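Residue strings, one per chain:
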Amino acid sequence: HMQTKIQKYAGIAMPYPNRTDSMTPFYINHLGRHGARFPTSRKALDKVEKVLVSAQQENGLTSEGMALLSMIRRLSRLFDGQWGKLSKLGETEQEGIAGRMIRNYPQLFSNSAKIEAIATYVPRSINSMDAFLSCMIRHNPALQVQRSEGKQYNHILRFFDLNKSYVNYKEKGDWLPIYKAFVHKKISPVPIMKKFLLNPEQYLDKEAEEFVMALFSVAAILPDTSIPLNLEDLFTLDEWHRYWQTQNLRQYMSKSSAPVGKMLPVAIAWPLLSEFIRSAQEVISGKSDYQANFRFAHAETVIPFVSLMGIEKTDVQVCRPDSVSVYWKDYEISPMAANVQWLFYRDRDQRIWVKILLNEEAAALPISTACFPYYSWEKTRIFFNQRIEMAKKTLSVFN
């Protein structure tokens, strides 16, 4: 499908994908990114507008270029005061995830079931939590609910802000030269810019690539805003594919298991994996009587968490940057409203099984099971504990 690949090429700006309803679990352990949101930064919009205005001043625009400039000035007005907010689409995404959970596992959330939800201090994540919880409560007002949020959860939901080596890597690390070299190889600006600008070949490579990247960025976020305007047809399938490859590599190297990061971006997630294991263990032991723990955070929470779990292919360490896109796909991991759900079951012989859902689809671990997608919890916990120990060892290589 051409249209489906185009949406996937928004990468971690892809809206949550379409999903469908349909033994019973006794506990659900959840992490969810906020839902679809407005752009967080005006920088890409400003860069597009400045290039076009400067071109208009030297007779450099085509007719389509002038139409684009007017659209860009309108988006600047519509985005004002909205930056980074959860959109109406992001609310409905959360209602959809909660609603499907309820219809799939009605017994777990029936009667006076207890649920806890936490979120970061970031409003779009808090609003996502509330869209989710409001759906849950509307379906069953007899739910018992604990809701909290804030900086007190930084250690498990914003670990990427707290590790100094990782912040330095993200801001100044060795992945940047590789990404910039890859953009230069991959982005072919002249055919895009020819749509809007006379003499596109008179632009320096660097400015042409930056213009095109910024335009792609504006077009990629627009479907997340619920504004009835569309730029994605500003670009062909191949053009979107090339852009996506560059942004995919950016996410992989800066946030996941790329060799150049030496697993530092993944290792920092170990406190959340530890906290997942503890909340499950406490529910199993009776220390907790929650039927579910929900957590609302960010793509930089989800991506390293998923890699640290070792969900197959997501922790791949691809040596050759040009090959990353074949083996690791950001839109499969952390689209808008991305979420991970561990579903725990007790079979009739009382053994505990766990099923992992990544964006509501069963995910594989590199351990054996006689009944995929269900894994032994004892086996899975031992595996996760090994991952956590590996993460602590990795972090020991960095002060």
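Residues numbered from 1 in each chain as written, not as in the entry; some residues may be left out. Heavy atoms only, no water.

Structure determination for this PDB entry was carried out by X-ray crystallography, with a resolution of 1.80 Å recorded in the header.

Engineer: Residues and numbers for the overall build of the chain, please.
Structural biologist: Across its full length, the chain carries 18 helices and 8 strands. Relative to the compact-globule value of 21 Å for 399 residues, the chain shows a C-alpha radius of gyration of 22 Å, a close match. In terms of overall dimensions, the chain has C-alpha extents of about 75 × 45 × 40 Å along its principal axes. Here the chain holds 399 residues, and 57% of them are scored as buried. For the chain, the exposed area adds up to about 17800 Å²; of that, 50% sits on carbon and sulfur atoms. (Helix = DSSP H or I, 4+ residues; strand = E, 2+ residues; numbered from the N terminus. Rg over C-alpha atoms; globule rule 2.2 N^0.38 Å. Buried < 20%, exposed > 50% of the residue type's maximum accessible area, 1.4 Å probe, protein only. Areas by Shrake-Rupley, 256 points an atom, 1.4 Å probe, with all protein chains shown as cover.)

Engineer: Would you mind going over the packing of aromatic side chains in detail, with residue names and values included?
Structural biologist: As enumerated under the stated definition, the model contains 26 aromatic pairs in all. Residues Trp342 and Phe344 carry aromatic rings whose centres are separated by 6.4 Å and whose planes lie at 45 degrees to one another, so their mutual orientation is tilted. You'll find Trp342 and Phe344 in the same group, each marked buried. Here a set of aromatic residues connected by ring pairs shows up, and it is made of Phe26, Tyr27, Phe276, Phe305, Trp342, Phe344, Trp377, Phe383 and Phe384. The cationic tip of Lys392 hangs over the ring face of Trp270; the distance from NZ or CZ to the ring centre is 4.5 Å. (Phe/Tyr/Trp six-rings, centres within 6.5 Å; stacked < 30°, edge-to-face > 60°. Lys NZ or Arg CZ within 6 Å of the ring centre and 35° of its normal.)

Engineer: Break down the nonpolar core for me, with residues and values.
Structural biologist: In this structure, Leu197 and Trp342 are the most contacted members of the largest nonpolar core, which totals 110 residues. The dominant element in this core, judged by the number of residues it contributes, is helix α11 (residues 205-221), at 11 residues. (Core = buried A, V, L, I, M, F, W, Y, C linked by side-chain atoms within 4.5 Å.)

Engineer: Account for the pairing of strand β6 (residues 352-358), naming residues and giving values.
Structural biologist: The buried fraction of β6 is high, at 7 of 7 residues. By the alternation rule, side chains of β6 split into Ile352, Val354, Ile356 and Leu358 and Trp353, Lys355 and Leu357, which are all buried. As paired strands, strand β5 (residues 339-346) and β6 are joined by 7 bridges and run antiparallel to one another. Within β6, the residue paired with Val340 across the bridge is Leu358. Here β5 hands over to β6 after 5 residues, with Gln350 in that stretch at a positive phi of 75 degrees. Inspection of the sheet shows β6 paired to strand β7 (residues 361-362) by 2 bridges, in the antiparallel sense. Each bridged residue has a counterpart across the sheet, and for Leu357 the counterpart in β7 is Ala362. Between β6 and β7, which pair antiparallel and follow one another directly, the connecting turn spans 2 residues, one of which, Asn359, has a positive phi of 50 degrees. (Pairing = 2+ DSSP bridges.)

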